[PDB]
Amino acid sequence: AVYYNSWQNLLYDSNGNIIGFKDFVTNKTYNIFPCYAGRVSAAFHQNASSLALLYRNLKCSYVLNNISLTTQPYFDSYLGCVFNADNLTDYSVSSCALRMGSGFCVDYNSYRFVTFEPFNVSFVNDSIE
Amino acid sequence: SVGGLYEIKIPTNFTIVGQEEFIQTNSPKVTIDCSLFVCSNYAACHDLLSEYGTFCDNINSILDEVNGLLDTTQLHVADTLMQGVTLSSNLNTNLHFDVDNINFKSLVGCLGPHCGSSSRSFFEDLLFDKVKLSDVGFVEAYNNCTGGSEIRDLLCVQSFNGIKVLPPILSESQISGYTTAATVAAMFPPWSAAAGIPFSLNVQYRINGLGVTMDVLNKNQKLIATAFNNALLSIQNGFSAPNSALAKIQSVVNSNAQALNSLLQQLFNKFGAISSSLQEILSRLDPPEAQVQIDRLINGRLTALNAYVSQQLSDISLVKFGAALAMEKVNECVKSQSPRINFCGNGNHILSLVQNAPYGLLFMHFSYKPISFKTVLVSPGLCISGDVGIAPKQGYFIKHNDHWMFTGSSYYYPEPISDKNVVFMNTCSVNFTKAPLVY
Amino acid sequence: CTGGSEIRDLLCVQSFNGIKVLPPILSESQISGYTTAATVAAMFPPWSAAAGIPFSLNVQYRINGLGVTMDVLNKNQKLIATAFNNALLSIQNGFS
Amino acid sequence: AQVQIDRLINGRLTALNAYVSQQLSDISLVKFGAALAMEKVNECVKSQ
Amino acid sequence: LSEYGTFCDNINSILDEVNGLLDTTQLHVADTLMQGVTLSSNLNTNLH
Ligand SMILES: *[C@@H]1O[C@H](CO)[C@@H](O[C@@H]2O[C@H](CO)[C@@H](O[C@@H]3O[C@H](CO)[C@@H](O)[C@H](O)[C@@H]3O)[C@H](O)[C@H]2NC(C)=O)[C@H](O)[C@H]1NC(C)=O
Ligand SMILES: *[C@@H]1O[C@H](CO)[C@@H](O[C@@H]2O[C@H](CO)[C@@H](O)[C@H](O)[C@H]2NC(C)=O)[C@H](O)[C@H]1NC(C)=O
Ligand SMILES: *[C@@H]1O[C@H](CO)[C@@H](O[C@@H]2O[C@H](CO)[C@@H](O)[C@H](O)[C@H]2NC(C)=O)[C@H](O)[C@H]1NC(C)=O
Ligand SMILES: *[C@@H]1O[C@H](CO)[C@@H](O)[C@H](O)[C@H]1NC(C)=O
Ligand SMILES: *[C@@H]1O[C@H](CO)[C@@H](O)[C@H](O)[C@H]1NC(C)=O
Ligand SMILES: *[C@@H]1O[C@H](CO)[C@@H](O)[C@H](O)[C@H]1NC(C)=O
Ligand SMILES: *[C@@H]1O[C@H](CO)[C@@H](O)[C@H](O)[C@H]1NC(C)=O
């Protein structure tokens with residue numbers, strides 16, 4: 001940072017939060033960022049003994065390294081890191097009680113993460129020409 | 001009237017014009033964590049907020065109902081697009097993109113799952129590229145909040161304060177697949193969206209229904225097709241200008257972003273407390289007085305949430321009204337041609353088409369536009385033979401070469417009077433022009 | 001509200017407390033101009049609001065479409081016009 | 001005076017928020033009525 | 001009142017949105033009335 005004059009040591013935003021500082025001892029300059037905060041989207045089925053968890057917009061490496069370790073299987077879906085559900089987006093369902101967004105559904109037999117395709121075209125094998 | 005005749009301007013030439021209409025059918029699914037918004041990470045606040053009891057449960061319950069209404073609405077719109085659509089399994093949009101000299105290549109995406117999420121058409125691609133915060137735009141913005149970027153996106157600050165936009169239950173790529181399928185359903189047999197006939201014949205019969213003789217239509221077929229695809233190109237090019245449909249689409253994103261920004265700014269109001277920061281209160285006062293200050297902030301923030309909830313319910317009522325109109329236009333302008341004059345856009349409406357759009361549908365309405373006119377003397381009826389009356393169907397009687405002839409009302413073309421273009425009456429009315437020599 | 005009158009109109013008290021009704025962007029005189037134009041568009045050629053035919057013929061064809069033979073309509077045209085303008089007078093008088 | 005005035009400010013701001021929420025609700029009905037009136041102009045007056 | 005910050009700004013912003021919806025609606029109604037209207041310049045309602 002180059003903006004700190006001799007009498008200045010704190011960088012403020014328009015709302016009066018501190019967003020940076022210059023250290024009085026070392027003269028080193030740092031930006032300050034908020035620690036991550038967020039919800040877990042848990043999908044539950046009455047016939048199940050566990051939850052399928054979605055950490056929206058988080059990659060599984062970040063969840064495991066910075067939030068919490070777990071024994072559950074996990075994968076990086078389009079929506080974020082999914083725990084305790086099998087990655088089956090190649091499979092598709094026409095009805096879904098556990099709608100996650102963007103055409104993704106949680107289905108329960110374990111949990112599966114699958115695509116939601118509620119409508120089809122009717123197909124005929126007749127010539128176009 | 002001079003004698004029995006009136007002066008009328010009848011068109012002598014015409015073109016097809018295209019008009020865009022965006023209709024909003026969806027909105028950003030805002031979700032609030034009331035506990036995280038009101039109290040952040042501070043245990044002394046979470047304690048006091050728990051003594052307010054159900055207020056956060058009520059806020060969450062209303063927003064979950066509102067978001068369920070949006071999800072149900074998006075399903076009903078997709079069902080309306082897919083209703084009755086039948087396609088040939090031989091259809092391949094990589095080769096099959098134009099028919100009868102009319103070009104649909106820009107309106108048709110990838111068809112079938114072998115191409116993946118590429119089912120967005122060139123027209124829809126061109127429309128989505130001008131709107132940053134679509135569904136995929138929100139998913140990418142929130143994906144970047146843990147990227148360590150020096151850019152302080154307000155969407156990240158909102159999400160860390162418990163204000164977040166969820167994706168819709170169907171992705172815009174699925175809806176773009178449904179609008180693609182509903183479009184090609186008018187192009188090729190069985191023509192399930194085009195009354196079971198070829199698209200060019202449907203256009204021709206629709207123009208004829210305006211009072212244009214078929215004899216000009218089926219000789220000008222090339223000029224009609226070129227007018228049609230020129231109108232479509234003019235609609236596409238019109239998004240580069242300050243377009244009113246694109247302005248409406250951006251206003252949906254802007255009004256949402258403004259409302260979320262105002263809700264975030266409510267965290268920085270003091271509401272008559274010593275500070276708007278829970279960190280400052282809890283580092284200045286002990287529990288007996290810190291409670292009195294924090295309780296003012298809790299009342300301020302819970303009042304702001306109740307105000308935002310009441311505005312959100314009011315807005316989603318307008319989104320349901322807009323979606324009901326869009327389903328009615330898909331049914332009565334795109335899949336069929338209902339006998340309602342200004343419903344499917346202004347003027348002499350020929351036919352309509354639909355494409356996906358951020359938070360809605362974009363309709364293209366095509367209309368018969370007169371280019372030049374002839375002033376002519378017309379009779380609204382004739383009294384003929386044994387005082388039998390005749391009236392013209394979708395047209396007028398005219399003197400041509402000192403002989404009575406018919407012409408269509410939307411295009412000047414004198415043709416002989418016959419039972420094909422006439423309504424009979426057993427008695428002619430008064431002020432019908434006398435013509436004993438006819439028939 | 002600044003006329004100095006002894007009358008204490010509630011609209012003046014509301015306005016002095018910051019509550020005020022603004023006029024619409026188009027005056028009701030302009031709108032009554034538009035409804036006048038839309039009305040005369042059925043009276044005279046080109047009959048742009050009356051399907052491109054004289055108003056009395058449009059009325060006659062609309063009645064015929066209900067299942068009334070054309071013969072009685074074009075014979076009773078004076079009676080139909082009198083019934084029509086009597087109905088219009090009945091609406092105007094019915095506002096009193 | 002601050003302690004009293006702050007009760008009046010909360011009362012009056014609460015009343016404005018209630019009036020605003022009513023006004024939004026009413027104007028939704030005005031838009032619905034105007035959409036119907038345009039439909040009647042098109043489908044009863046300008047055509048049948 | 002200034003320590004309540006954005007409360008009056010929110011009240012003004014919602015009422016300005018509401019009044020803009022009314023104005024846009026009145027324009028759309030007038031457009032619907034005038035749509036397609038063609039009159040003769042010879043027309044004079046003092047005699048016809
Ligand atoms: C009537 O039947 C004929 C024959 O099936 C149809 O003619 C075909 O029409 C397409 C346009 O839709 C022609 O495509 C053109 O090809 C040239 C290159 O050769 C290209 O430069 C143009 O941009 C355009 O894509 C196609 O050549 C033509 N084929 C033949 C054998 O004439 C016709 O469309 C049918 N309908 C009507 C109303 O005539
Ligand atoms: C940190 O920055 C301060 C301010 O520039 C430095 O203090 C000044 O150092 C110069 C050179 O020795 C003196 O002429 C000034 O009188 C000092 N004081 C002030 C208030 O300007 C300080 O030396 C820096 N320290 C480190 C470790 O970088
Ligand atoms: C989740 O499962 C899907 C479906 O099996 C995987 O997507 C396929 O990945 C392979 C390798 O990249 C590609 O060849 C296929 O074309 C992909 N199919 C589709 C439908 O996209 C996906 O990679 C899996 N993801 C994880 C993290 O396990
Ligand atoms: C939709 O099509 C897929 C693939 O053929 C099929 O698995 C599914 O059962 C169909 N669903 C409906 C509702 O037709
Ligand atoms: C179309 O499908 C039916 C039923 O499977 C079959 O009898 C017919 O031979 C098929 N025709 C073609 C061209 O695939
Ligand atoms: C109709 O208008 C177009 C565009 O001005 C012109 O190319 C065409 O020759 C005209 N046709 C007639 C019959 O006037
Ligand atoms: C997200 O971050 C990547 C890497 O910094 C960047 O390429 C991309 O444009 C960003 N997208 C958004 C919406 O911020």
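Laboratory data are not the source of any read-out in this text; all were calculated from the coordinates shown. Cβ: placed from backbone, ideal geometry, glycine included. Neighbour counts: every protein chain shown.
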Using only C-alpha atoms and all pairs of different ones, pull out the Kirkwood radius for segment C:43-96 in Å with one decimal.
12.4 Å
Cβ-derived FRET efficiency at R0 25 Å, B:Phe373 paired with B:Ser234, nearest 0.05
0.65
At a Cα cut-off below 14 Å, give the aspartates and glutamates reachable from A:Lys59, other chains included and same-chain residues fewer than 8 away excluded.
A:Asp76, B:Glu140
By average Cβ neighbour count within 10 Å, what is the ranking of B:355-362, A:117-124, B:325-332 from highest down?
B:355-362, B:325-332, A:117-124
For B:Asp295, the net charge from surrounding residues (Cβ-Cβ under 12 Å; K, R +1; D, E -1) works out to -1
So what are the three principal axis dimensions of segment B:1-116 from its Cα atoms, in whole Å, longest to shortest?
89, 56, 24
Return, in residue-number order, each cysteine of the protein assembly as shown whose C-beta is not under 4.7 Å from any other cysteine's C-beta.
A:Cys35, D:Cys44, E:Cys8
Quick one: which residues, 5+ away or cross-chain, put their amide H under 5 Å from the amide H of A:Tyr91? H built at 1.01 Å from N.
A:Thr115
Cα lying deepest toward the dipole's positive end in segment B:217-342, options B:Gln266, B:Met327, B:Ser283, charges on Cβ
B:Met327
On each of the three principal axes the extent of the alpha-carbon atoms of segment A:1-65, given in whole Å and largest first, is 66, 26, 16
Can you sort B:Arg340, B:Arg206 so the residue with the fewest Cβ neighbours within 10 Å comes first?
B:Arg340, B:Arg206
Cα-based helix-to-principal-axis angle, E:7-34 vs chain E, degrees rounded to 10
10 degrees
Compute the normalised compactness of segment B:44-177: alpha-carbon radius of gyration over 2.2 N^0.38 Å, N being the residue count.
1.50
Rounded to the nearest Å, the spacing of the alpha-carbon centers of segment A:20-93 and segment B:212-275 is 36 Å
In nm, what is the difference between 0.36 nm times the number of residues separating B:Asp402 and B:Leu223 and their Cα-Cα distance?
61.2 nm
Please report the antiparallel percentage of the DSSP beta bridges confined to segment B:354-439, to the nearest 5.
85 percent
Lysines within cross-link reach of B:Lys420: Cα-Cα under 27 Å, excluding same-chain residues under 8 positions apart?
B:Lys9, B:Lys219, B:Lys222, B:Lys369, B:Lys374, B:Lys393, B:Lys399, B:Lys434, C:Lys75, D:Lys46
Looking only at other chains, what is the average number of their beta-carbon atoms within 10 angstrom of each beta-carbon in A:90-103?
3
Average beta-carbon neighbours from other chains, 10 Å sphere, peptide B:165-175
5
Which residue fluctuates most in the GNM of chain B (Cα springs below 10 Å): B:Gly272, B:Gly322, B:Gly177?
B:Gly272
For segment C:1-66, Rg(Cα) over 2.2 N^0.38 Å is 2.12
What dipole magnitude, in Debye to the nearest 20, does the protein assembly as shown give about its Cα centre under +1 on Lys/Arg Cβ and -1 on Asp/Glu Cβ?
1680 debye
Over segment B:366-439, one equal point on each Cα, no solvent: what is log10 I(q)/I(0) by the Debye formula at q = 0.21 Å⁻¹?
-0.88
Could you tell me how far the Cα centroid of segment B:103-136 sits from the Cα centroid of segment B:151-208, in Å?
9 Å
Residue farthest toward the positive end of the dipole of chain B, with Cβ of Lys/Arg at +1 and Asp/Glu at -1: which of B:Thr15, B:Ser338, B:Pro167?
B:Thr15
Only bridges whose two residues both fall in chain B count here: according to DSSP, what percent of them are antiparallel, nearest 5?
95 percent
Counting only helical runs of four or more DSSP H residues, what would the 222 nm mean residue ellipticity of chain D come to if each run contributes -39,500 (n - 2.57) and the total is spread over all its residues?
-30000 deg cm²/dmol
Pair B:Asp387, A:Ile18: separation of 7 Å Cα→Cβ label points (nm)
10.5 nm
Please state the equivalent ellipsoid semi-axes for segment B:219-278: what are the square roots of 5 times the Cα gyration tensor eigenvalues, largest first, in whole Å?
53, 7, 6
Equivalent ellipsoid semi-axes - Cα gyration tensor, chain A, angstrom:
48, 21, 12
Of the residues B:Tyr42, B:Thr433, B:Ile371, the Cα lying farthest along the dipole of chain B towards its positive end, which is defined by charges on the beta carbon of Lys, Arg, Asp and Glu, belongs to B:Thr433
Where labels lie 7 Å past Cα in the beta-carbon direction, separation of B:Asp286 and A:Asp90 in nm
6.7 nm
HN-Hα J couplings of segment B:91-107 from phi, Karplus 6.51/-1.76/1.60, θ = phi - 60°, integer Hz, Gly and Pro as x?
5, 9, 5, 5, 10, 9, 9, 8, 8, 6, 6, 9, 9, 10, 3, 6, 8
Relative to the compact globular guide of 2.2 N^0.38 Å, what is the alpha carbon radius of gyration of chain B, as a ratio?
1.38
Please compute the net charge surrounding A:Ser68, taking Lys and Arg as +1 and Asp and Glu as -1 over other residues with Cβ under 15 Å from its Cβ.
+2
Residues with amide H under 5 Å from that of B:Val99, placed H, sequence gap 5 or more
B:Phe104
Using amide H atoms built in the peptide plane, which far-off residues or other-chain residues are under 5 Å from A:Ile19 H to H?
A:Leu11, A:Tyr12, A:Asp13
For segment A:39-82, fraction of C-alpha pairs farther apart than 14 Å, in %:
47 percent
What number does segment B:127-283 give for Rg over Rh if you use C-alpha atoms and the Kirkwood radius?
1.22
Roughly what % of DSSP beta bridges within the protein assembly as shown run antiparallel, to the nearest 5?
85 percent
Largest first and to the nearest Å, give the Cα extent of the protein assembly as shown along each principal axis.
111, 86, 56
Quick check on the exposure proxy: order B:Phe160, B:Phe128, A:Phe75 from fewest to most C-beta atoms within 10 angstrom.
A:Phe75, B:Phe160, B:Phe128
Diffusion constant of segment B:144-214 at 37 °C, which comes from Stokes-Einstein with the Kirkwood Cα-pair radius and 0.692 mPa s, µm²/s:
196 µm²/s
Charges at C-beta only: +1 for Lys and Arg, -1 for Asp and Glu. How large is the resulting dipole of segment B:326-439 about its Cα centre, in Debye rounded to 20?
200 debye
Measuring from its Cα centre, chain C shows a charge dipole (+1 at each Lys and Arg Cβ, -1 at each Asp and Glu Cβ) which, in debye to the nearest 20, is 240 debye
